[PDB]
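> Using only what follows, build the 3D model:
(one chain, ligands or ions: 1)
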Amino acid sequence: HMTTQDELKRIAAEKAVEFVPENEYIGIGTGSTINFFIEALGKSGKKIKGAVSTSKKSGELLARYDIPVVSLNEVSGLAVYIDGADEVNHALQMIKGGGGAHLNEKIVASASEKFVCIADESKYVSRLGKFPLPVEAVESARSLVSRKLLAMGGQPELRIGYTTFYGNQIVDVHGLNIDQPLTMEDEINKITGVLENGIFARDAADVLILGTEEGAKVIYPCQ
Ligand code: NA
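Residues are numbered from 1 along each chain as shown. Sure, structure below:
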């Protein structure tokens, strides 16, 4: 039978354990692929000095698997950040935030010395953009941010009924042409009322572990 998507996620998560140094502070992403990774890291027996969480769920699983959790404010930096992606291109630039956590994810990534992305094969794309782009905005700026995103060219859609970790809203933007991921990352963030967007170009991954039918493939940015 074909390997299921969950099995592909587990393949990538299990391989990523090998990338985690012992006795260091590390950062932990969010999502279903990460949830398999937290379990695998706990089962490995590796000594972890402390882990910084990016979501309520990730923090709960770290505790379930006996991995010590620390606030980002307690450390001067992290040795490695491990996280998933909704899309990842050949330069290892990513679209993130399908699960609502892109603000905390980018904060923790930006404090880390290395970013390991874990994903099943379906996330690896030639061009970023098909997956709608999450944008976090404060509630009173919803209509304003939406007009500004529409003027940029995308179709803004409020994520109905959703409240982010820090109490804000997400507008998901459909149909963007992303010529230059770093330029668009910065231009969207210049909209007043936007707190963060899901383009990870400045914080592109350093290495990608991709779960495929042939096992876990290790992929560095294209030359
Ligand atoms: Na997310």
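
> Can you give the domain ranges for the protein?
Using curated CATH domains, the domain ranges for the chain come out as 4-126+198-223, 127-197.

> How far does the last one sit from its chain's centre?
Taking C-alpha atoms, centre = their mean, to the nearest Å, the mean C-alpha location of domain 127-197 is offset from the chain mean by 16 Å.

> For it, measure first residue to last.
Domain 127-197 has an end-to-end distance of 17 Å (criterion: C-alpha to C-alpha, to the nearest Å).

> highest average neighbour count across the domains of the chain?
By mean neighbour count, with neighbours taken as mean count of other C-beta atoms under 10 Å, domain 4-126+198-223 ranks first of the domains of the chain at a mean of 20. Where you see a C-beta, it was placed from the backbone N, CA and C, and this is true even at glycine.

> does the ion sit close to that one?
Yes: if you take C-beta under 5 Å from the ion as the test, domain 4-126+198-223 does meet the ion, through 30, 97, 99, 101.

> Tell me where this protein has strands.
All strands of the chain, identified by DSSP state E, fall at 25-28, 50-53, 80-83, 87-88, 94-95, 115-120, 133-137, 155-158, 169-174, 194-197, 199-200, 207-212, 215-219.

> Okay, whichever residue of the chain sits closest to the ion and residue 73: tell me how far apart.
Closest residue of the chain to the ion, C-beta to the ion: residue 99 (3.2 Å). Look at residue 99 and residue 73: by C-beta to C-beta, to the nearest Å, they are 23 Å apart.

> same question, residue 130
37 Å.

> cool, and residue 121?
Relative to residue 73, residue 121 is positioned 37 Å away (C-beta to C-beta).

> ok, residue 85 - contacts?
Contacts for residue 85 were tallied using C-beta atoms under 8 Å, 6 or more residues apart in numbering; they are 94, 95, 96, 117, 119, 123, 200, 205.

> 10 Å instead?
For residue 85, the contacting residues are 29, 31, 33, 92-98, 105, 117-119, 123-125, 128, 131, 198, 200, 205, 208, by C-beta atoms under 10 Å, 6 or more residues apart in numbering.

> Likewise for residue 207?
Residue 207 sits next to 16, 19, 80, 92, 114-118, 218-221 when contact means C-beta under 10 Å, 6+ apart.

> Closest to residue 193 out of these?
The shortest distance between residue 193 and any of those, using C-beta to C-beta, involves residue 115 and amounts to 27.4 Å.

> Check the contact between that closest one and residue 26; I expect there is one.
No: with contact defined as C-beta atoms under 10 Å, residue 115 does not reach residue 26; the gap is 11.3 Å.

> joint contacts of those two?
Taking C-beta under 10 Å, 6+ apart as the criterion, residue 115 and residue 26 both touch 78, 80, 81, 82, 108.

> Residue 158 contacts residue 169, doesn't it?
Yes: Residue 158 is in contact with residue 169 according to C-beta under 10 Å; the separation is 6.5 Å.

> what is in contact with the two at once?
With C-beta under 10 Å, 6+ apart, residue 158 and residue 169 have common neighbours 137, 142.

> where exactly do the helices run in the chain?
If you assign secondary structure with DSSP state H, the helices in the chain sit at 5-16, 32-44, 56-64, 102-110, 142-152, 181-189.
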